[PDB]
Structures are given as structure tokens and as C-alpha cells.
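Values below: every heavy atom of this structure, side chains too, minus hydrogens, waters and symmetry copies. In what follows, every chain begins at residue 1, and chains take the letters A, B, ... in the order their sequences are listed.
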Amino acid sequence: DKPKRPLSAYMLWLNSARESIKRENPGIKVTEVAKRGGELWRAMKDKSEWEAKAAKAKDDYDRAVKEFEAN
Amino acid sequence: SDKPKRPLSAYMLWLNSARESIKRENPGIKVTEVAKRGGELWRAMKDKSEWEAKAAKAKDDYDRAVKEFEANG
DNA sequence: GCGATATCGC
DNA sequence: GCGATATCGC
Ligand code: NA
């Protein structure tokens with residue numbers, strides 16, 4: 001099993017912000033959540049927390065890649 | 001990424017076999033809804049025994065598969 | 001990961 | 001507790 005690609009900083013945030021978006025948009029569609037998630041993401045000026053996490057997730061992915069390639 | 005895949009539970013064997021059925025009975029049903037629906041059918045199923053035997057047999061093939069894999073140590 | 005259900009302890 | 005096990009976009 002080849003490692004799945006790492007979660008992006010965008011997706012890391014979205015996972016954490018999905019209930020919030022749904023609370024503020026009752027009955028909202030998965031498709032519309034994505035569009036909304038993008039509005040909030042483009043608006044969020046300080047993405048440091050998510051960029052920091054995506055950075056480590058990248059490192060983890062790299063290590064899983066290392067382990068998958070050599071044995 | 002080479003050892004035997006863990007054997008499937010009675011519920012997963014049933015769902016895998018019923019998925020396409022559930023999907024055609026609810027056109028467009030999403031996977032999360034197929035799962036939701038799976039839980040419903042499973043909690044209500046009168047007799048799981050056939051599914052449990054299949055799960056038990058999958059476990060046996062698995063335990064066997066694991067002995068072969070660890071046979072040379 | 002998560003959403004959506006449900007087991008099992010390589 | 002959680003990832004694996006199925007599924008499968010996001
Ligand atoms: Na249950």
C-alpha cells in the first residue's frame with residue numbers, strides 16, 4: 001500500500017471547520033460547503049496554524065514514503 | 001504492505017455484499033448514506049448467523065494465512 | 001483524517 | 001482509542 005498523499009493545510013482546516021460551516025448554513029450541501037469553505041479559506045489571512053500542521057503531515061508522509069520504498 | 005489483510009467482520013462482509021443492492025434501491029445514495037443505511041439493516045436483521053459463519057471462516061483462512069507467512073519465522 | 005455504519009486487537 | 005476493513009469524494 002503506497003502512502004496516501006498528506007492532508008493539505010486547506011483540508012486540515014476544513015475538517016476542523018466543517019461543523020461550523022454547517023451550523024452557519026443550515027441544510028447546506030456538500031458542494032456548497034466546499035464553496036463556503038473556500039470563501040473562509042481565502043479570507044483567512046493568518047493560516048499559520050494549518051500551514052504548520054500540513055508541514056508536519058508532509059514530514060510524516062515523507063517518512064511513510066521512505067518506509068514504503070525500501071522494504 | 002505484504003502480510004495478510006485482516007479478515008472482515010460479519011457486518012462488513014454483509015455490507016460489501018449488499019452495497020450495490022442498497023445503491024440501486026436508492027439512486028444517487030452517497031457512501032455515508034450507504035453506511036447509515038447499512039447500520040439500519042444490520043441493527044434490524046433477524047438472523048446474522050450466516051454472516052457470522054462467513055466471518056468465522058474468513059478468520060480461519062486469515063489465521064492460516066498468518067501461520068504460512070510466519071512459517072519461516 | 002472525515003463523514004457514515006460496525007468489529008477486532010499483526 | 002484508533003486504524004484497518006469497505007466505500008469514495010473532499
Ligand atoms: Na450497532
Checklist entry - Where do A:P6 and A:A57 come nearest, in terms of heavy atoms and distance? => result CB-O, 3.6 Å
Next on the checklist: Both conditions, 6.0 Å and 45 degrees, for the charged tip of B:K48 above the ring of B:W51: are they met here?
Outcome noted: no
Checklist entry - Roughly how many Å is it from NZ in B:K67 to P in C:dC10, rounded to a whole number? => result 16 Å
Next on the checklist: What contact category does B:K23 fall into here, base, sugar-phosphate, or nothing, at under 4.0 angstrom with non-hydrogen atoms?
Outcome noted: sugar-phosphate
Checklist entry - With both distances under 3.5 angstrom, what nucleotide forms a Watson-Crick or G-U wobble pair with C:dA4? => result D:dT7
Next on the checklist: Under 4.0 Å, heavy atoms only, any strand: does B:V34 hit a base, just the sugar-phosphate, or nothing?
Outcome noted: nothing
Checklist entry - With a 4.0 Å cut-off on heavy atoms, is B:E40 in touch with a base, just the backbone sugar-phosphate, or nothing at all? => result nothing
Checklist entry - Would one find a side-chain N or O of B:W14 under 4.0 angstrom from OP1 or OP2 of C:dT5? => result no
Next on the checklist: If we define stacking as six-membered ring centres under 5.5 angstrom apart and planes under 30 degrees, are the neighbouring bases D:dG9 and D:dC10 stacked?
Outcome noted: yes
Next on the checklist: With a 4.0 Å cutoff (strictly under), does any side-chain N or O of A:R18 reach OP1 or OP2 of C:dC2?
Outcome noted: no
Checklist entry - What does B:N16 touch in the nucleic acid at a heavy-atom separation under 4.0 angstrom: a base, only the sugar-phosphate, or nothing? => result sugar-phosphate
Checklist entry - Which class fits the ring pair B:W42 and B:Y11: parallel under 30°, tilted 30 to 60°, perpendicular over 60°? => result perpendicular
Checklist entry - Between B:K46 and B:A44, is there a donor-acceptor pair closer than 3.5 Å when you use the side chain of the first and the backbone of the second? => result no
Checklist entry - Rounded to the nearest Å, what distance is computed from the CG atom of residue B:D63 to the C1' atom of nucleotide C:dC8? => result 12 Å
